[PDB]
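> please find the sequence and an experimentally derived structure below.
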Amino acid sequence: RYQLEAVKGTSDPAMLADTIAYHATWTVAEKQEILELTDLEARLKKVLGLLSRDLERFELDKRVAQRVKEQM
Amino acid sequence: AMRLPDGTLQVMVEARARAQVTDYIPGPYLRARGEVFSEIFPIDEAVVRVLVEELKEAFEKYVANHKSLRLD
């Protein structure tokens, strides 16, 4: 909850670019690969792609849990 | 025009009109001269207005496609 208000009201572009980049739970090699490219648009597109991937994985886990409990 | 000590020249130019080329002189530096100024004036502006409207609509429909191709 320390970031409940620490992230709202902030519009710094580089900070919002690298905040999720270091918040992205992946390997050090992937972090260095992210650091390799200096184009903001591509990196943030990758960030949104990772966010969507996490969302859909969570949806899959949810739905399987519910249905399997139901059929049980 | 702006001069820098690193050898890179930062100069702003604005094209005025098209013109022909008469002759070339062995340089450096190359020099050229023009005979007359090449200009064209619109005639029967109704079709030109239709084409301009189509061009504006095409540009409006095209500017909102390159999300990550560095397009303003």
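Yep, it's here. Residues are numbered from 1 along each chain as shown, chains lettered A, B, ... in the order given.
> drop to CA atoms for contacts and neighbour counts, all remaining ones
Noted.
> against which helices or strands is whatever helix or strand residue A:21 lives in packed?
Using DSSP states H and E, residue A:21 maps to helix A:13-23. With contacts defined as 3 or more Cα pairs under 8 Å, 6 or more residues apart in numbering or on different chains; DSSP states H and E, helix A:13-23 has these neighbours: helix A:28-36, helix A:40-71.
> next one: the shortest one to chain centre, how far?
Here the centre of mass of C-alpha atoms in helix A:28-36, compared against the chain's by Cα atoms, centre = their mean, to the nearest Å, lies 15 Å away.
> now the longest one
Centroid separation for helix A:40-71 versus its chain: 10 Å, with Cα atoms, centre = their mean.
> buried residues in that helix?
Neighbour-count burial for helix A:40-71 flags A:42-44, A:47 (criterion: 16 or more other Cα atoms under 10 Å in any protein chain shown).
> just flag the most distant two among those residues.
The largest separation in the buried residues of helix A:40-71, counting by Cα to Cα, is between A:42 and A:47 at 8.7 Å.
> residues contacting residue B:35?
Listed by Cα atoms under 8 Å, 6 or more residues apart in numbering or on different chains, the contact partners of residue B:35 are B:19-22.
> closest one to residue B:53 out of these, please.
Within the contacts of residue B:35, the smallest distance to residue B:53 is 28.1 Å, found for residue B:19 (Cα to Cα).
> name all residues that make contact with that closest one.
B:34-38.
> which one among the contacts of residue B:35 gets closest to residue B:50?
When these are compared against residue B:50 (criterion: Cα to Cα), the nearest one is residue B:19, at 27.8 Å.
> any idea how far the closest one lies from residue A:64?
To residue A:64, residue B:19 is 71 Å away according to Cα to Cα, to the nearest Å.
> could you do residue A:51 as well?
20 Å.
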